[PDB]
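# Descriptive structure summary
Listed below, chain by chain, are the residues.
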Amino acid sequence: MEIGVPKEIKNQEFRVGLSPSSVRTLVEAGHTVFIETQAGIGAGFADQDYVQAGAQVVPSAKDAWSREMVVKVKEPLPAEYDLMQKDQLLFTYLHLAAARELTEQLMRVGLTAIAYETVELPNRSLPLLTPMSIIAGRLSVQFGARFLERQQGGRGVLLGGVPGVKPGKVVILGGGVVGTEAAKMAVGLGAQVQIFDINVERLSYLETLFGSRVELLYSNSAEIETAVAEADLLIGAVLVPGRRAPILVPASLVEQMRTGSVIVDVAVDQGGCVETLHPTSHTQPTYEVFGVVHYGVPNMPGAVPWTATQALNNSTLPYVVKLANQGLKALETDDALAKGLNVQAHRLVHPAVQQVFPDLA
Amino acid sequence: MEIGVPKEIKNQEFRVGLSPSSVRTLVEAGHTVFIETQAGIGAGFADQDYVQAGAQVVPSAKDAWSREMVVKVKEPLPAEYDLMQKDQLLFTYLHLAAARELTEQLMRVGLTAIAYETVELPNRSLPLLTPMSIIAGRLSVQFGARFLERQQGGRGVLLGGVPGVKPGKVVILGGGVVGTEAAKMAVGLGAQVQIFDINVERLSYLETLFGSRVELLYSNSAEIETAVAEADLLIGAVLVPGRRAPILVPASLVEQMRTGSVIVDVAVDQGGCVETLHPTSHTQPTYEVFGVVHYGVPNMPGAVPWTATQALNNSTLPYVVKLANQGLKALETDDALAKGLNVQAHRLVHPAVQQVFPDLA
Amino acid sequence: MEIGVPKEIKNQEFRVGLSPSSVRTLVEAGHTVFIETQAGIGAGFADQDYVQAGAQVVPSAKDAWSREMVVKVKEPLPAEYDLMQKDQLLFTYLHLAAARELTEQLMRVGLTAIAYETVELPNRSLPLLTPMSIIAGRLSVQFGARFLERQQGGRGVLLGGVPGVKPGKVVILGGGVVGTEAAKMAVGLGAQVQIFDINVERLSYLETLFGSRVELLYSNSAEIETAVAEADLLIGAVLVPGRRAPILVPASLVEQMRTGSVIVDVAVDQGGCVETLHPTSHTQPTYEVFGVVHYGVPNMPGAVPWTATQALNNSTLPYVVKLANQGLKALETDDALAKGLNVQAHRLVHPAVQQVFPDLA
Amino acid sequence: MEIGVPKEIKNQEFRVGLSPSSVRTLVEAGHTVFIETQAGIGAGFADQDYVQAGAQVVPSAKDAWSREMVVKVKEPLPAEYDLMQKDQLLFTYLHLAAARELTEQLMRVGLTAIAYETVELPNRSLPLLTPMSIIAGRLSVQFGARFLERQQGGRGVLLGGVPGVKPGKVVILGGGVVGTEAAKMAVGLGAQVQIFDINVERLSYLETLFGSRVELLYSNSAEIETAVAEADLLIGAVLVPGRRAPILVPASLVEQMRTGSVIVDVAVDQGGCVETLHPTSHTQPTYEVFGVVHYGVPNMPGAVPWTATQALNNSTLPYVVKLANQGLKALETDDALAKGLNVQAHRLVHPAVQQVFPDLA
Amino acid sequence: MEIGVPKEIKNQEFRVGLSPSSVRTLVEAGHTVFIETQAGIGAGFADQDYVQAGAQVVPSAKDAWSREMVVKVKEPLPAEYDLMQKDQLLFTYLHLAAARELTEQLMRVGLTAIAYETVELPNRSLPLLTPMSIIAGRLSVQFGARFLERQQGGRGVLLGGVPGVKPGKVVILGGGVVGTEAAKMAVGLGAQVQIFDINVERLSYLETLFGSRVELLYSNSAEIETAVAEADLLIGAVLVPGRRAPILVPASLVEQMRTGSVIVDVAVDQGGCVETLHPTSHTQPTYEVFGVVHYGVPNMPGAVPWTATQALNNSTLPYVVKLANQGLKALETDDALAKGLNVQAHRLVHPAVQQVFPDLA
Ligand SMILES: NC(=O)c1ccc[n+]([C@@H]2O[C@H](COP(=O)([O-])OP(=O)(O)OC[C@H]3O[C@@H](n4cnc5c(N)ncnc54)[C@H](O)[C@@H]3O)[C@@H](O)[C@H]2O)c1
Ligand SMILES: NC(=O)c1ccc[n+]([C@@H]2O[C@H](COP(=O)([O-])OP(=O)(O)OC[C@H]3O[C@@H](n4cnc5c(N)ncnc54)[C@H](O)[C@@H]3O)[C@@H](O)[C@H]2O)c1
Ligand SMILES: NC(=O)c1ccc[n+]([C@@H]2O[C@H](COP(=O)([O-])OP(=O)(O)OC[C@H]3O[C@@H](n4cnc5c(N)ncnc54)[C@H](O)[C@@H]3O)[C@@H](O)[C@H]2O)c1
Ligand SMILES: NC(=O)c1ccc[n+]([C@@H]2O[C@H](COP(=O)([O-])OP(=O)(O)OC[C@H]3O[C@@H](n4cnc5c(N)ncnc54)[C@H](O)[C@@H]3O)[C@@H](O)[C@H]2O)c1
Ligand SMILES: NC(=O)c1ccc[n+]([C@@H]2O[C@H](COP(=O)([O-])OP(=O)(O)OC[C@H]3O[C@@H](n4cnc5c(N)ncnc54)[C@H](O)[C@@H]3O)[C@@H](O)[C@H]2O)c1
């Protein structure tokens, strides 16, 4: 089939729909791929690498959008609304329940849109988001260490300390995928680490990973209060299915933290579990409240596009191949794929997006 | 005795001569300490903490400089030349072989100046520099990870990678104190690590620390060339006694590195082992040569003043106490202290500084 | 019941149906066991040990084959066709889909034959093969190290290297049971290790076992090519259910490998994932193609009969006991056992073997 | 200076005096190197690699022996006696106290001969032998595992066992360099390990390396007897300065060992600590006594010439460079080098070799 | 709702139904809690702590028993039979199949009684017992070490030994929750450890936790006999669903053990797997049979009430909250809770307790 890969146009978005290794694999399956020049450059892939792989490098987005299947990272923007085609297959992150205009647009056009984030296993797991959660967890500590540096606004604490001197104290709220990857890094830098979770069985499992090196604590307000007050680095990594996140950290608790301490709340979209936290810019990634540094920049994985592009591809690829092979019939063979389906032929198909635009259904 | 601690005035210097725990200890020994207001604040110590410790908080530097002993972090600046006194004891980092004017100043004044960096054991070890080498080694990786982020100018590589994706490759030139601490951090973040050294016995010792997790390689041009070409993060940590550092990495080698890769040369004063590296600012910590990011900001430990102040104190303290107790006679009891002596009563005493200002002796 | 254990007669087969500990256990359950003299000697078990266990040691195979139940390791050979009886229970590895004559023989005779390799759990797992996969994985590295020795034909590389010198590079294709055990050994010898797999969730799990000590890579032709070219030791450990193995390594790739490098493809029966690999002898376990040493000897576990006999027994025993107790009714109580049933009363019962000898059904 | 490297002619000797990386380094120092064609091929180095390094590849040994300095691995053989020159510098392993004829030959010729094995530090350490001890220690386990395989003559025991089955038991007599490297490998393969030593302080140090994973036992006849009787693999790694090795294992003890168990005595030249052990061939590396497999092949490191050549070079190189630079005056600057001196201008200089050929002095 | 917490009156019982953190959490949910004075003191919780949490501290048990819901640790005793009320909710450990009188009492009264130990998941797991199994496993080793001390009656063996001296040998029968926690501690003290289990898949899993540090052995009489004879510390940790425990250790085996060796059978209620073991007192926790020390004191977790109270609460809490919120309707929403139901309105509801008092149903 013909596969197009336009360059990402969203602000600060350096990832790319397909890496060269993916392309190669696709080309060996009988398919042909068209990629816009420079599409891969923010991620570290030259057009050259794409040609070596069997890609046809196209000079414009029009040329890339004109294919039967388009594979991207982010949702289409208004600047590209006119590039879309009636019978395309669009496979990318959509987040439709947050973009009515976008939802209507796809609807008018009549294509079929499959969202990475709705492809779901019986497991109830979302295989195409995980890779991003792993990365965010790892980055949280890296960003946190930077902001604990004096020139960056923090107290001037080295996470690992040095023999004779106290190490930094990292408190992680939530021991799921993100919280677990964060703990791995903090431990690697030498910090003293505490993880809170409400699921004891998850806590038991974490003990198999860390042994007695990390403190594994049941999530209750009383212990949270004490721990948070002593933290140099607080990482929010909580997720709850039927809703937005619980505020485990009220402004009053924040007020009790040490000056120059830092909070990184990875749970930014769904609210955060920290009361004083809101999303931040990039020309201004942080702000202070009570002398405590706040970091609320989202899509953390965008800081490592080379690593992030491959991680995503490793997971999307088999789906890309199935679609290229069976086209629309794959949704009838693949239940997970069938669940990624959001829009088709002017109809809003995803039940979740329906309950949000009940009048769009 | 009376001990004074002025606030550091050098640019970007947030450390402080004595921490509150040190002060307390000093006060319990019979001594009294005077500290300039706000002297400890960049390091995270309020005047309050100093008063609780037994310190007398003085409102001006004059008041702090007027003591029989002054304890600081950096060398005196011209702005303080008039504050110095004839019979003081000055204990701080001096680096006289690089400051003639300063050397002459101390000479005129007639005090006795003891340099942290010349206090030396029979071991030939410099006990008061080590703490700073440990910190620099640990920070190098932390800074390196930041600069490998796309927005910071790097390729966009996560050091630890994610299962399925290649981890970052870190190459460390020199397996001494700095190189060893750097390896500890890189390994902690999940990177693939290679350390080069010319001392096999040091390599053998490192194996006892890391096992087979790190690649331990003999330093020869041939292997260096190959390794460096594949690095995401290159850390220079070489030191050679009788001179400046060897250029293990010529511009030609740098030219062969991947775009967006980063070099952190901790060996900045003595030259660096990297040809294209020079010191950098803070309003501009890095620059590019061949698409490769260069970081040459010195006194790395200044980024974590809270941790760095305590590490230094843990080591200087026993010397501070000996001086306060025995005053000048300590140099006659302590050989290491006797070696820290640089200037006394208008005479240049340190042989090393003499061979540099042979006409000052 | 009466249980017989003949000595294995197949070439190079030193294992034995029951170890002495098994026998003891069987005897304490009310059963009696007859074993041919010397049956256990290749595995390190003297007849003495068998008598201490409660076994009756019989002088001939006839005496051992004449029992209501016979327990062996390998399939019956033509030399024993006349020893079989109409109503026996035969429990051993059969591999009928590869032995028509054998399949017809059991059919004529009219016994019931249960194959270790078809006993299967709902899990779809084959509990009686695993023990052999674990052993093969561990041996692969052991054999590989031997063949990397100069006198054995290899390049003369020590897997662990020595501080100052590069360790050997081991590449494992497939991260399942075999590939995982191989990685454990390679890591134990100090090698640099890469594992490829197409299942990301398996890759994630492996990270919980190895941390960042092993490189965990997604199986794609592009990365495979690069990795394989740099390998000292290549281990094939791929398995795919609905068929034979994929050739992940074409002769062209093999041609690009270093002279004296070695390939051990554990996936020998089902083809191998290496193009240039074919089964080898024992009077000649290896051969060279492009200066690269090939090892294709099967039934690797036969090299450690003492360890292999016990591992198998630990798993077969509970089934042996159930059969001795309930005889044929066990297949009606045990679904896994019911699945091991291949032949009974002249009829070919196993659906898998039926689809192979569709005219035998 | 001119440096020659002849091809090694001794039987089964595949190492080479200088690797290509060494050569390169030498060439960059102002020196020129001549190497006999194919000299590096048994170690995995093509002439090509030597030319790339700056070597001049010579067609004959005569051409290589004709230089002011010759660098080899083994001692000169009678076939090369005529190639030697009056004023050469010969640097290689000599073992003169075992070769009278050779000793006389060097004497006649009048060159100066420096033996790797006599270069000694104040430490009393022999820096140029260690690399070989490390390798032998690692290989011992590798060879031992092979001989425990049934087809190789052993009991058929997998060192690591499998969950549910006992691992192999490895007993190491001597916890020095060799014994320690052996333990590292055995532990890596999963074996149960015991190390005996008479030096408690060495035992204490080993605990810092292995923790409680290895049993660390004081060397006394009583415990030795018990342990040895239960071993699958016995490794002799004892060394005593003023003499030959103690027989810690009398034939009577050997008689008590399990059939198919194996003994690898790395202490072969100095006798061995095992009574029934003698050196073996290569066309016959082992023999049996009491059903116990004996391995007594020496120069174990010769099995991995690629790894062994580099390990040796990493250590000899700085000495090779000093000699090329200062020629004979290096012995007057280098005490360790001065100690390597065995023969010069017809005189036997090495005190140790003198006390052996008291009439040659 | 109103929640009461009486002080535990059973002998040697220091735990308490709710910890202060639990209380706080309950109070924030809209509920009010009444606790008898001193109820928390044996566990380390002052009334003060309870008041800070929002508890109302009541002076008598009557006051605590008079609530709509009573939360305790142990079963009600005759001394409290008169305190119970018709429509209460009683949530605590009951063990009714062992207390007929108690069972009849609850029956008369007409309350609804929910037993911690019958709350069960589809998993068939008993979430409210696990926490106690983990603790018992950890304590077993701690108690065992104490009894191996000479003054306590044991042989005088230090589990970890010291470099040069054999470590203690610990044998664990059963590799489930208890056996696994015991192994963790024994390994932590430096002992040589063997675990036996009949489930190979459990053995495989344990290898992922311990690697090759522990010996993982299949449970068969032959190996058990040998291992037990050499043990310093034997820990019984076997559980079998449809019955009482198997005697894996007959008195005859015990007779073969070393004098001063110790047995701790955690499997005390269900019999023990050790023939010579019976429950013991506290004024006499052990006894000897054949010079072997026996420890059979039950409810091991009672020795660490501070730790044990919190572990239990972490697990019971969510159930306590559900009950307080939905009262009786929770059993209709919660299947696990519905399974904890033993008695209600004079009727015996639990099928298991019915089959024991078939005439009570
Ligand atoms: N900013 C970014 O780039 C980015 C990327 C990915 C995910 N995230 C966010 O990070 C969060 C973590 O996602 P995840 O994949 O780890 O989910 P997860 O389900 O793997 O982990 C969440 C964990 O939180 C625990 N939790 C829930 N309530 C809790 C409570 N009251 N106290 C303590 N722990 C509680 C759960 O028991 C669970 O273990 C989500 O909110 C997600 O949206 C941000
Ligand atoms: N910028 C900062 O804030 C800061 C702070 C401290 C130290 N440093 C610098 O960092 C360097 C490292 O200091 P250190 O305490 O680790 O010294 P060290 O002696 O502990 O380590 C240096 C090591 O380099 C090795 N080395 C020398 N020549 C080599 C060669 N050709 N190849 C490979 N390795 C070689 C030596 O064998 C030694 O092991 C010095 O140059 C020091 O001035 C910078
Ligand atoms: N010679 C012997 O004595 C012996 C003994 C046992 C097994 N074997 C063979 O070894 C192989 C391994 O068996 P196992 O028990 O490990 O199976 P397994 O299922 O546990 O492992 C196989 C793994 O291969 C992976 N795989 C499949 N296709 C792949 C691809 N294209 N790239 C990379 N990985 C891929 C799967 O995802 C899986 O994780 C089989 O072929 C089996 O027949 C040989
Ligand atoms: N065959 C080969 O290729 C080869 C290569 C190198 C070394 N070797 C030999 O291996 C031996 C080991 O050499 P090394 O470098 O380990 O020496 P080492 O000094 O590092 O180790 C020897 C150790 O043996 C211990 N020892 C001495 N007497 C003992 C006794 N009665 N019981 C127990 N331990 C005792 C010492 O305390 C010491 O720790 C030597 O005999 C050497 O000649 C063979
Ligand atoms: N005294 C106390 O305070 C206390 C507290 C909790 C549990 N216990 C007791 O401890 C025992 C262990 O409980 P658990 O939670 O570990 O159960 P579990 O199911 O987690 O562990 C029991 C294990 O025993 C194994 N096993 C069964 N039969 C065996 C045999 N013949 N040989 C070897 N292993 C065998 C099973 O395969 C299983 O892995 C139970 O009997 C329980 O009643 C005592």
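Numbering of residues starts from 1 on every chain and follows the order in which that chain's sequence is written, so it may differ from the entry's own numbering; residues lacking coordinates are left out. As they are written, the chains are lettered A onward and the ligands numbered 1 onward, keeping that order. Part of a larger assembly is shown here, and the values speak for that part only. For side-chain calculations, the full set of non-hydrogen atoms in the structure is used, while hydrogens and water are omitted.

Per the PDB entry, chain A is named PROTEIN (L-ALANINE DEHYDROGENASE), and its organism is Phormidium lapideum. The title given to this PDB entry is "L-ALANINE DEHYDROGENASE COMPLEXED WITH NAD". Taken verbatim from the UniProt record of chain A, the Pathway (unreviewed entry) comment is "Amino-acid degradation; L-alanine degradation via dehydrogenase pathway; NH(3) and pyruvate from L-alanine: step 1/1." UniProt positions are given in the numbering used here, feature names are shortened, and annotations may be inferred rather than shown by experiment. Listed under Sequence similarities (unreviewed entry) in UniProt, the entry text for chain A is "Belongs to the AlaDH/PNT family."

### Concerning empty space enclosed by the protein
Buried and open spaces are told apart on a 1 Å grid over the protein atoms alone, a cavity being a set of points where a 1.4 Å probe fits but cannot get out and a pocket being an open set with protein on both sides within 12 Å along at least five of seven lines. Residues with an atom within 4 Å of a point are the lining residues. Grid points are joined across faces, edges and corners, and a volume is the space filled by probe spheres set on the points. In this structure the tally under the stated criterion is six cavities of 30 Å³ or more. Put simply, the largest cavity is a space of about 100 Å³. Looking at the largest cavity, it is lined by 13 residues, and the ones nearest its centre are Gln 142, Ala 145 and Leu 189 of chain A together with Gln 142 and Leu 189 of chain B. Among the secondary structure elements, those contributing two or more residues to the lining of the largest cavity are α5 (130-147) of chain A together with α5 (130-147) of chain B. Counting from the N terminus, the helices are the DSSP runs of H or I reaching at least four residues and the strands are the DSSP runs of E reaching at least two. Sort the elements by how many residues they give to the lining of the largest cavity and α5 of chain A lands first, with five residues. Under the grouping applied here, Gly and all other residues not named as nonpolar or charged are polar, the nonpolar ones being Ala, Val, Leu, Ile, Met, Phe, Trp, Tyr, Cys and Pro and the charged ones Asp, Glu, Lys and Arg. Considering only residue class, the lining of the largest cavity consists of eight nonpolar, two polar and three charged. There is about 70 Å³ of room inside the second largest cavity. The wall of the second largest cavity is formed by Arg 138, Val 141, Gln 142, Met 185 and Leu 189 of chain C together with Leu 158, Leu 159, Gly 160 and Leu 189 of chain D. Ranked by the residues each element gives to the lining of the second largest cavity, the list is headed by helix α5 (residues 130-147) of chain C, at three residues. Of the residues contributing to the lining of the second largest cavity, the split by class is six nonpolar, two polar and one charged.

### Section: the site of ligand 3
All names here are of chain C. Only heavy atoms are used to decide nearness, and a residue is near a molecule or strand if one of them lies within 4 Å of it. By nearness alone, 24 residues border ligand 3, and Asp 197, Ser 219, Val 238, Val 266 and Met 300 come closest of all. Within the side chain of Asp 197, an N or O atom sits 2.7 Å from an oxygen atom of ligand 3. Here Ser 219 contributes a side-chain N or O atom positioned 2.8 Å from a nitrogen atom of ligand 3. Only the protein chains shown count as covering a residue, and every accessible area follows the Shrake-Rupley method with a 1.4 Å probe. Relative to its unbound accessible surface of 880 Å², ligand 3 loses 80% to contact with the protein. Mapped by element, the contributors of at least two residues to the shell around ligand 3 are α5, α6 (177-188) and β8 (192-197). Tallied by class, residues from the shell around ligand 3 come to 15 nonpolar, eight polar and one charged. Distance and chemistry together define a polar contact, namely a pair of N or O atoms within 3.5 Å, with one atom able to donate a hydrogen and the other to accept it when in protein, and with adjacent residues in sequence counting only for side-chain atoms on both sides.

### Focus on the sheet that holds strand β1 (residues 2-5) of chain A
Residue and element names in this part refer to chain A. Only when DSSP finds a minimum of two bridges between them are two strands counted as paired. Reading across from one edge, β3-β2-β1-β4-β5-β6-β14-β15 is the order of the eight strands in this open sheet, with mixed pairing throughout. Unpaired on one side and paired on the other, β3 (56-58) and β15 (347-348) mark the two borders of the sheet. Contacts are residue-level and defined by heavy atoms, with any inter-residue pair within 4.5 Å sufficient. Only the stretch in contact is used when fitting a helix axis, every axis being a line fitted to C-alpha atoms; angles between N-to-C directions are given from 0 to 180 degrees. Here helix α10 (residues 305-326) sits on the sheet in contact with β1, β4 (69-71), β5 (89-92) and β6 (112-115), set at roughly 170° to β4.

### Some details on the relation of the copies chain D and chain C
In screw terms, the move from chain D to chain C is a rotation of 180° and a rise of 0.0 Å along the axis, fitting with an RMSD of 0.0 Å. On this basis, the relationship between the two copies can be described by a two-fold rotation axis. Within chain D, the C-alpha atom positioned nearest to the axis of rotation is that of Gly 188 of chain D, 1.8 Å from it. Both copies contact each other with a shared surface, as 100% of the interface residues of chain D are interface residues in chain C too. The superposition of copies relies on a least-squares fit of their C-alpha atoms.

### Quick word on the site of ligand 2
All names here are of chain B. Around ligand 2 lies a shell of 24 residues, among which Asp 197, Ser 219, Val 238, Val 266 and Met 300 are the nearest. Within the side chain of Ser 133, one N or O atom sits 3.2 Å away from an oxygen atom of ligand 2. Within the backbone of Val 178, a nitrogen or oxygen atom sits 3.0 Å from an oxygen atom of ligand 2. A total of 890 Å² of accessible area belongs to ligand 2 in isolation, and the protein chains cover 80% of it. Secondary structure elements with two or more residues in the shell around ligand 2: α5, α6 (177-188) and β8 (192-197). For the shell around ligand 2, a count of residues per class yields 15 nonpolar, eight polar and one charged.

### Looking at the relation of the copies chain A and chain B
Two chain copies, one operation linking them: a rotation about an axis together with a shift along it. When chain A is fitted to chain B, the best match, at an RMSD of 0.0 Å, comes from turning it 180° and sliding it 0.0 Å along the axis. Of the residues that chain A buries at the interface, 100% are likewise interface residues in chain B, meaning the two copies contact each other through the same surface.

### Section: the nonpolar core
Think of a nonpolar core as a cluster: buried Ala, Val, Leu, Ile, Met, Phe, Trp, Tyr and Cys residues, connected wherever their side-chain atoms sit within 4.5 Å. Note on exposure labels: buried denotes an accessible area under 20% of the residue type's maximum, exposed denotes more than 50%, and partly exposed covers the range between, all computed with a 1.4 Å probe on protein chains only. Core analysis: the biggest nonpolar cluster contains 166 residues, and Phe 91 of chain C together with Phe 91 of chain D have the highest contact counts within it. Non-local contacts of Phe 91 of chain D, meaning those with residues more than four positions away in its chain, are made with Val 70, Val 71, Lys 72, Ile 114, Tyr 116, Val 119, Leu 128, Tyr 319, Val 320, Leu 323 and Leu 337 of chain D.

### Details of the arrangement of the chains
Taking C-alpha atoms as the reference, chain A and chain D come no closer than 17 Å and do not contact one another. The least C-alpha distance between chain B and chain E, which are not in contact, is 17 Å.

### Topic: the sheet that holds strand β6 (residues 112-115) of chain C
All names here are of chain C. Pairing in this open sheet of eight strands is mixed, and the strands run β3-β2-β1-β4-β5-β6-β14-β15 from one edge to the other. Two strands in the sheet have a free side with no partner beyond their single neighbour: β3 (56-58) and β15 (347-348). Looking at chain direction, β6 and strand β14 (residues 341-344) are connected through three bridges and run antiparallel. Bridge pairing in β14 places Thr 112 opposite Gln 344.

### Here's the deal with the interface of chain A and chain B
Contact with chain A, which involves 39 residues of that partner, is made by 39 residues of chain B. For any pair of parts, buried area is found by adding up, for both, the accessible area (1.4 Å probe) each one loses once the two are put together. Where chain A abuts chain B, roughly 3,600 Å² becomes buried across the two surfaces, and 61% of that area is made up of carbon and sulfur atoms. The three residues of chain A that bury the most area against chain B are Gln 151, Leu 158 and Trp 306 of chain A, which together make up 18% of that side's buried surface. We define a salt bridge as a contact between a side-chain nitrogen of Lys or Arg and a carboxyl oxygen of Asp or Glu at a distance within 4 Å. Our count for the contact surface shared by chain A and chain B stands at zero salt bridges. Ranked by the residues each element gives to the side of chain A that touches chain B, the list is headed by α5 of chain A, at eight residues. By residue class, the composition of the side of chain A that touches chain B is 17 nonpolar, 15 polar and seven charged.

### Describing the domain arrangement of chain A
Residue and element names in this part refer to chain A. Split by domain assignment, chain A resolves into domain 1 (1-128 + 305-361) and domain 2 (129-304). Each domain span listed reflects an automatic or database assignment of domains. A separation of 32 Å is found between the C-alpha centroids of domain 1 and domain 2. Domain 1 puts 16 residues into the contact, and the matching count from domain 2 is 11 residues. Carbon and sulfur atoms make up 62% of the surface buried where domain 1 meets domain 2, a total of about 1,000 Å² over both sides. In this assembly, domain 1 and domain 2 are joined by zero salt bridges. Taken together, the links from domain 1 to domain 2 amount to five residue pairs in polar contact. Of the residues belonging to the side of domain 1 that touches domain 2, the class tally is 10 nonpolar, three polar and three charged.

### Some points on the interface of chain D and chain C
At the junction of the two partners, chain D supplies 39 residues and chain C supplies 39 residues. Regarding the contact of chain D and chain C, the summed buried area is about 3,600 Å², with carbon and sulfur atoms giving 61% of it. Ranking the residues of chain D by area buried against chain C places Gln 151, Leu 158 and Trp 306 of chain D at the top, with a combined share of 18%. In this assembly, chain D and chain C are joined by zero salt bridges. Summed over the shared surface of chain D and chain C, the result is 14 residue pairs in polar contact. Every element with two or more residues in the side of chain D that touches chain C is listed here: α5 (130-147), α6 (177-188) and α10 (305-326) of chain D. With eight residues, the top contributor of residues to the side of chain D that touches chain C is α5 of chain D. A class-by-class count of the residues in the side of chain D that touches chain C yields 17 nonpolar, 15 polar and seven charged.

### Things to note about the UniProt feature "binding site: pyruvate" (unreviewed entry) in chain A
All names here are of chain A. Under the feature "binding site: pyruvate" (unreviewed entry), the UniProt entry names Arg 15, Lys 74 and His 95. Among the secondary structure elements, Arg 15 is positioned in the loop between β1 and α1 (20-27). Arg 15 sits in the buried class, given a relative accessible area of 4%. Those residues in contact with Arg 15, other than ones at most four positions away along the chain, are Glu 8, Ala 39, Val 73, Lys 74, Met 132, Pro 301, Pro 305, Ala 308 and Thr 309. Tracing the backbone through its elements, the reader meets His 95 in the loop between β5 and α4 (100-109).

### Considering the pattern of salt bridges
Pairing between side chains becomes possible if they bear opposite charge and their charged atoms approach one another. All chains considered together, the criterion is met by 91 salt bridges over all chains. Taking the shortest distance from any N to any O, the salt bridge between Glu 225 of chain A and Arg 24 of chain E comes out at 2.9 Å. Taken together, the residues span two chains, with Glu 225 of chain A in helix α8 (residues 221-229) and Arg 24 of chain E in helix α1 (residues 20-27). For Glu 225 of chain A, a relative accessible area of 34% translates into the label partly exposed. Residue classification places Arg 24 of chain E among the partly exposed positions, given a relative accessible area of 21%.

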